[PDB]
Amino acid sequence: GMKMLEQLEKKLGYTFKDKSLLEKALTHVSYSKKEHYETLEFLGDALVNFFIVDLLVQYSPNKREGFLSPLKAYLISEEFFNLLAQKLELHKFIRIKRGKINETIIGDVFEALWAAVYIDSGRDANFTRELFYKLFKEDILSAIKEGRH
């Protein structure tokens, strides 16, 4: 009946001050050239990279870089990022032209989405960090015990 252009803030557990910041992260070039998520994703690349290795360092049974690197590569692959986005029904809110979206846009939007939240929050790394954990902390650890990649 309702919820089509949004409901994702209800998934995240975060309501944006600036809606066009959430929009932008969900907007691919083909749909909008003025403002799309390219610059947000670049930030979100490194922003999310820190959220994950900060967990890695803490919960991995090892500690040595040799056992952390192959595990790190996995937890920050588009593939895994998809499994994290699926929990967001991300594909649903992306604003993309034509019928070819793909798995590359997704994780990237997954990337631009946590950078938008970051920036929305007034550059609140901790909060945003914590918002990220409430959603996928569970899943990352799990992925840490089974040892994938």
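Heads up: residue numbers just count along the shown sequence, starting at 1.
Problem - 13-21 versus 134-142 - which carries the larger mean C-alpha B factor in the record - result: For C-alpha atoms only, the mean B-factor is higher in 134-142.
Exercise for the section: Would you tell me which stretch averages the higher CA B-factor in the PDB entry, 113-121 or 94-102? Expected result: For C-alpha atoms only, the mean B-factor is higher in 94-102.
Practice task
Go through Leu40, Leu68, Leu55, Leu83 one by one and give the residue whose Cα B-factor in the PDB entry is largest.
Solution key: It is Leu68.
Handout entry: Chain thirds of CA B-factor: placement of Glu35
Key = As the PDB entry reports it, the C-alpha B-factor of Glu35 lands in the highest third of its chain.
Practice task
Classify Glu89 as lowest, middle or highest third according to the C-alpha B-factor given in the PDB entry, relative to its own chain.
Solution key: Highest third of the chain for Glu89's C-alpha B-factor.
Problem - Ranked against its chain, the third holding the CA B-factor of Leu47 - result: It falls in the middle third of the chain.
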